[PDB]
């Protein structure tokens, strides 16, 4: 019964069987009830504050060749850019001036900056009295250590898929074992550590999605970023089907249920595949939003997937826009850095 699955979720009986059935049931009533449960749990554990993480996509140069990603090295159609360290620091300062309490630095795996230019940048941004989150991909332990010493607070490294066979096929430079080792290293070093997966990858099954949920719960990640796969025309996966918004939303809801005190963004990919998708996601378990703070003329060039929202707007538009979103949702902007606030339970 949908009714029995909801009761087991409410009682925290998170068996493989319960999660598979939750993801397999297509009934509208069941889905709505699941979204309501996640929404309620979010309210109870993390409150009405929506934390704003200003993201600066500072380089689209990448050495890897992930089959899903528009920044993959084999994509010759893309104009490559790199922000200078001064540009990055000053752009972070402008986000802080606009009220950002977390700055996220994200890039392709661009060797140019690694490790010392990142360290220099992180040091300068930390002077501004804000949290710094890095999302730079897979690097040696020594680089992660240097960045932590430089003052980085958090690291986002989506695990993408917990199916090691699918992972190796989609990410042929690397492996799930490497990705996990990175995540474990980040945790050991004391970063708030973010993982998460794509939904609707070619060949990905419902059992795979279950495994993603169990993987997330197992490692107790501080942040979980989940979005639909969106095919990019300049990649090998150009002709594959996009991920389903409602199934993705169910993944976000179940993540909240499983990790009630975690930070969970309403990802840009959710807002890209459905108009208003971020706002829906914020009402089904999510409590974080990541406004695009990449400056013109580079915004339009950070093309992980096509159609990406916000790319045409003036490059200071997204912080005020998300403040409006948060108000019209009946929510509040985050007051502090929005670090994970653990609720220890049974």
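Numbering follows the first chain given and starts at 1. Under this definition, the rigid core comprises the largest set of C-alpha atoms superposing within 1.5 Å between the forms.
Of the two segments 309 to 317 and 288 to 296, the one whose CA positions lie farther from the displayed form in 6 other deposited structures of this protein, once all are superposed on the rigid core, is 309 to 317. When the C-alpha B-factors of 234 to 242 and 267 to 275 are averaged, 234 to 242 comes out higher.
The PDB entry reports B-factors from which the mean C-alpha value can be compared for 215 to 223 and 152 to 160; the larger average falls on 215 to 223. Of the candidates 138, 90, 110, 177, the PDB record gives 177 the highest C-alpha temperature factor. Highest C-alpha temperature factor among 67, 311, 52, 317, as the PDB entry reports it: 311. Ranked within its chain, residue 324 lands in the lowest third, by CA B factor from the PDB record. Annotation for residue 205: C-alpha temperature factor in the highest third relative to the rest of the modelled chain, per the entry. Sort the modelled residues of the chain by CA B factor and residue 36 lands in the middle third. Per the deposited record, the Cα B-factor of residue 72 falls in the lowest third when ranked against the other modelled residues of its chain. Split the chain's modelled residues into thirds by C-alpha temperature factor. Residue 78 is in the highest one.
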